[PDB]
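What follows is a single structure, written as structure tokens, with notes after it.
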2 protein chains.
Amino acid sequence: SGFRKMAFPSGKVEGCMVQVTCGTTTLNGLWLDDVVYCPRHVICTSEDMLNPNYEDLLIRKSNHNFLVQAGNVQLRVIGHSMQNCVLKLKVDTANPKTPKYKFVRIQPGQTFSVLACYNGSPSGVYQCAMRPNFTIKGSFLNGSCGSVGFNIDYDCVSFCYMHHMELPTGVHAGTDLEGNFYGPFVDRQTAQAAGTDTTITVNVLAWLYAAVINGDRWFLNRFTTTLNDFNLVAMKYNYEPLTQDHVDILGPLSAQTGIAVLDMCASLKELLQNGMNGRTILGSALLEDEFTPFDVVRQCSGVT
Amino acid sequence: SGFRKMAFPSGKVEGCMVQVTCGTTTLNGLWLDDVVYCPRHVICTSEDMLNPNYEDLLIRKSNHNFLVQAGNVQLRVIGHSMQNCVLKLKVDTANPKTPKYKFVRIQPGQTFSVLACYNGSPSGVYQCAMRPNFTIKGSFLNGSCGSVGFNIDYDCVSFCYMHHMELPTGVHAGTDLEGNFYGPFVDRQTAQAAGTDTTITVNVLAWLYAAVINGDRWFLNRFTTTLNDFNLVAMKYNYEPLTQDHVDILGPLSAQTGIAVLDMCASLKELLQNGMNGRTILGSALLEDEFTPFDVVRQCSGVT
Ligand SMILES: Cc1ccncc1NC(=O)[C@H](c1cccc(Cl)c1)N(C)C
Ligand SMILES: Cc1ccncc1NC(=O)[C@H](c1cccc(Cl)c1)N(C)C
């Protein structure tokens, strides 16, 4: 029993973190096999970030200009290329701590763990959701660029995020491991619109199922609703519209608790319209949306 | 910017987790040097747990009855002893992944990360506070016994908790790594009173300082208070009394923000008496108490 915002064990990722320095700038790199991945803005100075021409800035750089250090050992850079907003530094040594890995571009609403790093050293691990607006609400200071997000299936690490930028609103933006930004963001010091964000409805419902499994059942009621009726309430409260695909994904949780998905929707509708009346659910006084149905099943069954 | 409930990187602890089996029961062990540590209830069957005589149950056991497996390798047990509520299994091989470590008995109100494990394999990592009543609100299922709590200073892991029991109320109890339970708990299947819990006042204030540092300042007011006036409010709302030692510990945060500790106390007093009026602080609709002043400094400065 109990339900916590749990991150994956970070060990396999800690063994991949390196420090990358280019001129005056130092940030984090991810060392997988014989390639070190890092944000391309490592080649910029403060005068460049306003509107950098990354192609021209990278032309003034040679393999010997990129300093890569893994703990105390210096890696030898034998190749360098830019792929979208990431730099790929070929080194002469494969990382002996390279786990089984994949690069994946996650969907908005999905979750992942972040290993925050500074100077190539890990400081902490936390669980994040990729917001429907493609930002993440993380915890990152200057020096954290290059820190990554990931999921773990058995022994395989699926890297899904690389931290690049803090927006003027304090929210975070970054790329997949091919260097493609999530959302409309660009890697330059300009005011950037993070669109309207919505609450991940299927995740709130998954968390309500976690609450029932763990004993928090005060919010269950004698009501039901329909997808169209529920979605009229979701639009009013800026919640993502619920689809039959979402209902299908909540099937295991509906089977486990014996509570039909539309009956849980009616509980959510009443919570949206009336609030919590000063009560809490799983230690929270607000509707939590950063747990997927998969996360709830995983945490409630004990998958390692 | 941003503030998250962050756990320490779990890597150094993952390399210590083993599976311990005694007869029918399997739980987690912590392998440090040539000793494997685990809850002593591994020697019990379901008939024993109601009122076990651990001394007599351990007498029916030999070194060969304790099966220890680290990943796929079997460890050879050459000694066994009981220390309070923990068993210490001497093995013939020192763990080559043993980090620099210490055993510490943490104080109530202090925080630590938990690496939840099943069959010797890690499933997730989360940050916990030792409640003033010596329970922890974690996330543990059957099989998680032997999972540990820890803090990390530079390269040294300070192990502070070993999970033993879920109380009928769904909260968690365990021991330090010498086998002494935190609180009045005993390792037997009996109804056990977890005393009245209070909110960790110094931690709520630390979190209010984190909120100001990160831009959430709506709760700041034109008022002040005194330790005695504030403590009249803390007693009414079952908050731990604030002492000058707590004020001293909040000194770095007071120096950084320029907000005197008693002025922050007056904000807390008004939040306690009026609620949040439907607003949030650092993404929360309730006063968060599981961040110490140290955690706030660490997260806000970037300690790795
Ligand atoms: C300070 C900080 C805090 C938290 N997360 C990231 C940063 N860094 C940044 O946002 C900036 C930057 C500015 C503009 C565009 C981009 Cl891609 C990056 N770097 C270059 C220092
Ligand atoms: C099921 C479970 C879920 C979460 N955390 C722990 C447990 N296990 C327990 O609480 C029990 C037990 C019962 C009584 C006393 C003690 Cl010390 C232990 N074990 C033996 C299964």
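By order of appearance in the structure tokens: chains A, B, ..., then residues from 1 within every chain, and ligands from 1 in the order shown.
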Tell me, counting only C-alpha atoms and all ligand atoms, for each residue of chain A within 12 Å of ligand 2, which pair of atoms is nearest and how far apart they are in Å to one decimal, in rows ordered by chain and increasing number, as CSV.
```
residue,atom,partner,partner_atom_place_in_ligand_line,distance
A:1,CA,ligand 2,4 (C),6.1
A:2,CA,ligand 2,4 (C),8.6
A:3,CA,ligand 2,4 (C),11.6
A:214,CA,ligand 2,3 (C),11.6
A:300,CA,ligand 2,3 (C),11.1
A:301,CA,ligand 2,3 (C),11.6
A:302,CA,ligand 2,3 (C),10.9
```
Given 10 Å and only C-alpha atoms and all ligand atoms, residues near ligand 1 as a ChimeraX atom specification: /A:25-27,39-46,48-52,85,138-147,163-168,170-175,181,185-192 /B:1-2
Backbone-only DSSP, strand (DSSP E or B) members of region 69-186 of chain B, as a ChimeraX atom specification: /B:69-70,73-75,77-83,86-91,100-103,111-118,121-129,136,148-153,156-166,172-175,181
Within 7 Å of chain A: residues of chain B, using only C-alpha atoms, as a ChimeraX atom specification: /B:1-11,14,118,121-126,137-141,170,285-286,302-304
In region 89-253 of chain B, DSSP alpha helix (DSSP H) residues written as a tab-separated table (two decimals) with C-alpha atoms, in the first residue's frame:
```
chain	number	residue	atom	x	y	z
B	201	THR	CA	7.11	23.11	10.81
B	202	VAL	CA	10.78	23.84	9.97
B	203	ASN	CA	10.34	21.86	6.69
B	204	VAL	CA	7.14	23.75	5.72
B	205	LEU	CA	9.07	27.03	6.29
B	206	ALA	CA	12.01	25.70	4.21
B	207	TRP	CA	9.54	24.91	1.41
B	208	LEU	CA	8.00	28.42	1.66
B	209	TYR	CA	11.57	29.81	1.19
B	210	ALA	CA	11.93	27.45	-1.87
B	211	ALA	CA	8.62	28.85	-3.20
B	212	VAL	CA	9.86	32.48	-2.88
B	213	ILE	CA	13.19	31.58	-4.58
B	227	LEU	CA	8.08	32.41	18.29
B	228	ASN	CA	5.55	32.20	21.17
B	229	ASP	CA	2.69	33.71	19.06
B	230	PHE	CA	3.49	31.43	16.10
B	231	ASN	CA	3.70	28.37	18.43
B	232	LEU	CA	0.19	29.07	19.78
B	233	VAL	CA	-0.96	28.66	16.11
B	234	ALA	CA	1.31	25.61	15.53
B	235	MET	CA	-0.20	23.72	18.54
B	236	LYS	CA	-3.76	24.38	17.33
B	244	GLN	CA	15.49	28.96	17.95
B	245	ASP	CA	17.47	25.89	16.67
B	246	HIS	CA	14.97	25.68	13.75
B	247	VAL	CA	15.29	29.48	13.16
B	248	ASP	CA	19.12	29.06	13.11
B	249	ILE	CA	18.89	26.23	10.53
B	251	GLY	CA	19.35	31.23	8.44
B	252	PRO	CA	20.89	30.47	5.01
B	253	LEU	CA	17.42	30.68	3.39
```
CA of residue 197 (chain B) to CA of residue 133 (chain B), straight-line distance in Å: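 Value for the CA of residue 133 (chain B)-CA of residue 197 (chain B) distance: 5.2 Å.
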